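Accompanying notes for the structure given below.
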Amino acid sequence: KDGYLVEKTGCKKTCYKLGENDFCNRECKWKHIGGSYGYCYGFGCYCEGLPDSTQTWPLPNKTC
């Protein structure tokens, strides 16, 4: 399953380097989550392999 990562306040994380963006990848595998691959796609840290128990963007009714 693929999804987008959020931020502390819930906002997303856009980047200026598309493609293998270590920044997004590092923030993807951050800790226990199951992110097999995490790169920036469409100006944003995108990840693939997030369990349903993982919070992704956008957020619930409580958007940023």
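Numbering starts fresh at 1 for the residues of each chain in the structure tokens, the chains themselves are lettered A, B, ... in the order given, and ligands are numbered from 1 as they appear.
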Inset, instruction - Among the residues of chain A, find those DSSP assigns to strand (DSSP E) from the backbone and print them as number ranges by chain. - result: A: 2-4, 37-40, 45-48
Inset, instruction - Using DSSP on the backbone coordinates, identify all residues within chain A classified as helix (DSSP H, G or I); present the result as a list in words. - result: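 Output for chain A, helix (DSSP H, G or I) only: residues 22, 23, 24, 25, 26, 27 and 28 of chain A.
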With N, CA and C atoms kept, could you save the residues just selected as a PDB file, in the first residue's frame?
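Here's the written file again_38.pdb:
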```
ATOM      1  N   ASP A  22      16.734  10.884  -0.265  1.00  0.00           N
ATOM      2  CA  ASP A  22      17.128  10.313   1.056  1.00  0.00           C
ATOM      3  C   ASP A  22      16.329  10.975   2.183  1.00  0.00           C
ATOM      4  N   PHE A  23      16.188  12.272   2.143  1.00  0.00           N
ATOM      5  CA  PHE A  23      15.415  12.968   3.211  1.00  0.00           C
ATOM      6  C   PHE A  23      14.069  12.269   3.423  1.00  0.00           C
ATOM      7  N   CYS A  24      13.257  12.194   2.403  1.00  0.00           N
ATOM      8  CA  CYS A  24      11.939  11.515   2.556  1.00  0.00           C
ATOM      9  C   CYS A  24      12.154  10.055   2.962  1.00  0.00           C
ATOM     10  N   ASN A  25      13.064   9.378   2.314  1.00  0.00           N
ATOM     11  CA  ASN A  25      13.328   7.955   2.667  1.00  0.00           C
ATOM     12  C   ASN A  25      13.693   7.845   4.149  1.00  0.00           C
ATOM     13  N   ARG A  26      14.617   8.649   4.600  1.00  0.00           N
ATOM     14  CA  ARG A  26      15.013   8.598   6.036  1.00  0.00           C
ATOM     15  C   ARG A  26      13.794   8.868   6.922  1.00  0.00           C
ATOM     16  N   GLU A  27      12.989   9.828   6.559  1.00  0.00           N
ATOM     17  CA  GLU A  27      11.780  10.139   7.376  1.00  0.00           C
ATOM     18  C   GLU A  27      10.748   9.017   7.229  1.00  0.00           C
ATOM     19  N   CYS A  28      10.834   8.252   6.174  1.00  0.00           N
ATOM     20  CA  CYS A  28       9.860   7.138   5.977  1.00  0.00           C
ATOM     21  C   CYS A  28      10.213   5.974   6.902  1.00  0.00           C
TER      22      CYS A  28
END
```
Inset, instruction - For residue 44 (chain A), please output as a count of residues only all residues within 9 Å (counting only C-alpha atoms; exclusion window: fewer than 4 positions along the same chain). - result: 11
Inset, instruction - Can you work out which one of A:17, A:62, A:2, A:11 has the shortest atom-to-atom distance to residue 37 (chain A), counting only C-alpha atoms? - result: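 Residue with the minimum atom-to-atom distance to residue 37 (chain A): A:2.
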Inset, instruction - Choose the residue, out of A:1, A:64, A:57, A:20, that has the smallest atom-to-atom separation from residue 35 (chain A); count only C-alpha atoms. - result: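 Closest candidate: A:1.
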Legend entry - Best match for closeness to residue 50 (chain A) among A:9, A:63, A:21, A:33, counting only C-alpha atoms: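 Among A:9, A:63, A:21, A:33, it is A:33 that comes nearest to residue 50 (chain A).
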Inset, instruction - Rank A:60, A:34, A:19, A:10 by their smallest atom-to-atom distance to residue 46 (chain A), using only C-alpha atoms, and report the top residue only. - result: A:19
Inset, instruction - Pick out the closest residue to residue 6 (chain A) from this set: A:42, A:61, A:56, A:30. Count only C-alpha atoms. - result: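 Closest to residue 6 (chain A), using only C-alpha atoms: A:56.
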